[PDB]
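These protein sequence lines map, in sequence, to chains W, Y, S and A. Just so you know, the first sequence maps onto residues 67 to 138, 154 to 210 in the UniProt record's numbering. Just so you know, the second sequence maps onto residues 67 to 138, 154 to 210 in the UniProt record's numbering. Residue numbers for the third sequence follow the UniProt record's numbering, beginning at 323 and rising by one. Residue numbers for the fourth sequence follow the UniProt record's numbering, beginning at 323 and rising by one. Beta carbons: idealized from backbone N, C-alpha and C, even for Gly. Below is one structure, written out as structure tokens; the observations come after it.
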Amino acid sequence: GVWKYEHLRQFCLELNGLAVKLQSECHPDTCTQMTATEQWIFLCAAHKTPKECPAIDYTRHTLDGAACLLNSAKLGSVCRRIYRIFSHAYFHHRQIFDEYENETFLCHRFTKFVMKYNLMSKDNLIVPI
Amino acid sequence: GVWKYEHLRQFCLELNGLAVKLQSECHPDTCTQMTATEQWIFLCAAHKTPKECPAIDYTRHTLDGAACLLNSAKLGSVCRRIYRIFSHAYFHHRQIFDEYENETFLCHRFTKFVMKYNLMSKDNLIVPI
Amino acid sequence: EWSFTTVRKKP
Amino acid sequence: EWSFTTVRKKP
Ligand SMILES: [Zn+2]
Ligand SMILES: [Zn+2]
Ligand SMILES: [Zn+2]
Ligand SMILES: [Zn+2]
Numbered sequence: 067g068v069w070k071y072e073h074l075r076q077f078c079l080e081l082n083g084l085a086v087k088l089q090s091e092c093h094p095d096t097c098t099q100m101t102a103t104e105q106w107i108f109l110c111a112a113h114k115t116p117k118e119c120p121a122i123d124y125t126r127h128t129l130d131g132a133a134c135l136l137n138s154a155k156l157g158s159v160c161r162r163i164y165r166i167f168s169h170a171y172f173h174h175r176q177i178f179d180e181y182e183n184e185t186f187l188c189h190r191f192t193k194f195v196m197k198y199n200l201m202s203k204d205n206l207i208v209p210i
Numbered sequence: 067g068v069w070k071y072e073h074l075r076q077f078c079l080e081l082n083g084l085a086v087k088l089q090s091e092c093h094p095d096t097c098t099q100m101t102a103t104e105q106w107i108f109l110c111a112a113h114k115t116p117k118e119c120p121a122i123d124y125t126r127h128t129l130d131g132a133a134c135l136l137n138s154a155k156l157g158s159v160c161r162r163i164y165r166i167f168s169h170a171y172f173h174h175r176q177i178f179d180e181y182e183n184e185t186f187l188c189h190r191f192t193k194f195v196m197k198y199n200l201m202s203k204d205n206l207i208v209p210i
Numbered sequence: 323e324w325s326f327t328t329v330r331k332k333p
Numbered sequence: 323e324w325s326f327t328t329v330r331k332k333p
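Next comes the structure, spelled out in structure tokens:
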């Protein structure tokens with residue numbers, strides 16, 4: 067169980083690399099909500115009440131919340162929310178996603194990890210490989 | 067908006083009538099979980115962490131929580162949870178449900194109300210009429 | 323009870 | 323962040 071919290075932390079570190087690459091074109095005037103592909107809006111959980119943060123905010127606040135939870154079932158929630166950073170990038174920032182993935186395989190590695198430890202429902206794994 | 071909280075309270079009162087009828091055969095040795103029809107278990111929200119209460123407990127704790135919230154989006158959550166009392170009775174206590182519904186039309190009245198005020202997704206309205 | 327909904331389906 | 327899951331799908 068201790069390795070579960072541990073390996074997740076390295077993922078959050080590299081996921082910051084993706085978030086920094088994204089903030090060059092994922093802006094709140096155009097990515098006004100956190101979405102991936104269907105008619106779902108995702109509400110940012112880093113607030114007293116879940117909030118319709120723009121995608122860039124959702125990304126930052128969620129990574130921040132995960133980094134905070136880690137240095138201190155809860156794993157499943159963090160993983161589900163972190164994964165949306167990948168799905169938003171894959172569907173709305175495909176070029177940046179592709180560049181970053183070809184260099185790090187981060188989404189691949191993260192997907193194998195949440196499946197290896199049963200941390201997300203397979204139904205939520207909508208990004209290929 | 068004030069009528070929304072108000073009409074719900076009368077529903078919770080009559081829903082206590084159903085809960086009292088159910089407690090004659092909905093026991094925790096046989097209804098060990100709160101379920102309706104599919105492979106979903108419903109976790110009781112009247113606890114610090116959602117709990118796998120037996121159906122009778124889920125029913126009582128949820129009605130109790132709704133009565134408390136009322137005399138003091155939140156409406157949607159209460160409605161969704163209260164509705165499971167109907168679906169559990171309909172699928173696992175069909176005779177009691179049928180007797181009570183023929184006398185009160187409570188599920189009918191409740192369903193029309195949550196649709197009238199858009200308080201539950203229609204996807205969750207699995208009990209007929 | 324208390325609520326914390328993080329996914330909403332667009333109308 | 324914080325979590326409050328009230329529906330679980332049976333294995
Ligand atoms: Zn974006
Ligand atoms: Zn936020
Ligand atoms: Zn029962
Ligand atoms: Zn309970």
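Local Cβ density within 10 Å of residue i, reported as buried at 16 or more and exposed below that
i	result
Y/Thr98	exposed
Y/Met201	buried
Y/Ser138	exposed
Y/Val208	buried
W/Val159	buried
Y/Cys92	buried
W/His189	exposed
W/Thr115	exposed
W/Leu79	exposed
W/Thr103	exposed
Y/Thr101	buried
W/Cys119	buried
Y/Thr192	buried
W/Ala154	exposed
Y/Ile210	exposed
A/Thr328	buried
W/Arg75	exposed
Proximal residues of chain A, C-beta to C-beta of residue i below 7 Å
i	result
Y/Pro116	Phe326, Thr327 and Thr328
Contacts that residue i makes with chain S (C-beta to C-beta distance below 7 Å)
i	result
Y/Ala111	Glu323 and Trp324
Y/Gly67	Near Y/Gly67 there are no residues of chain S at all, since even the closest Cβ is about 17 Å away, more than 7 Å.
Decide yes or no for the touch test of the region 77 to 89 of chain Y against the region 112 to 129 of chain W: beta carbon pairs closer than 8 Å, at least 3 of them. Taking 8 Å as the limit for Cβ pairs, the verdict is that the region 112 to 129 of chain W does not touch the region 77 to 89 of chain Y.
What residues in the region 87 to 109 of chain Y bring their beta carbon closer than 9 Å to a beta carbon of chain A? Hits within the stretch, in order: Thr101, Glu104, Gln105, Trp106, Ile107, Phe108 and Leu109.
List in chain order the residues whose CB is within less than 6 Å of at least one heavy atom of ligand 4. Listed by position in the chain, the residues whose beta carbon lies within less than 6 Å of some heavy atom of ligand 4 are Y/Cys110, Y/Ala112, Y/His113, Y/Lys117, Y/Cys119, Y/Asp123, Y/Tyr124 and Y/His127.
Is there contact between the region 68 to 80 of chain W and the region 190 to 206 of chain W, where contact requires at least three CB pairs shorter than 8 Å? Yes, they touch.
Tell me, please, whether the region 111 to 123 of chain Y touches the region 170 to 187 of chain W by the rule of three or more beta-carbon pairs shorter than 8 Å. In this structure the region 111 to 123 of chain Y does not lie against the region 170 to 187 of chain W, because fewer than three pairs of beta carbons, one per stretch, are closer than 8 Å.
For review: beta carbons within less than 6 Å of any heavy atom in ligand 1: Counting only heavy atoms of ligand 1, the residues whose C-beta sits closer than 6 Å to one of them are, along the chain, W/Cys92, W/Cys97, W/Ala121, W/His169, W/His173 and W/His174.
Any residues in the region 155 to 166 of chain W with a beta carbon nearer than 8 Å to a beta carbon of chain A? Which ones, in chain order? If you check each beta-carbon in the region 155 to 166 of chain W against every beta-carbon of chain A, the ones closer than 8 Å belong to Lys155, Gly157, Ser158, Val159 and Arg162.
Taking a cut of 8 Å between CB atoms, which residues from the region 71 to 84 of chain Y lie near chain S? From the region 71 to 84 of chain Y, no residue has a Cβ closer than 8 Å to chain S.
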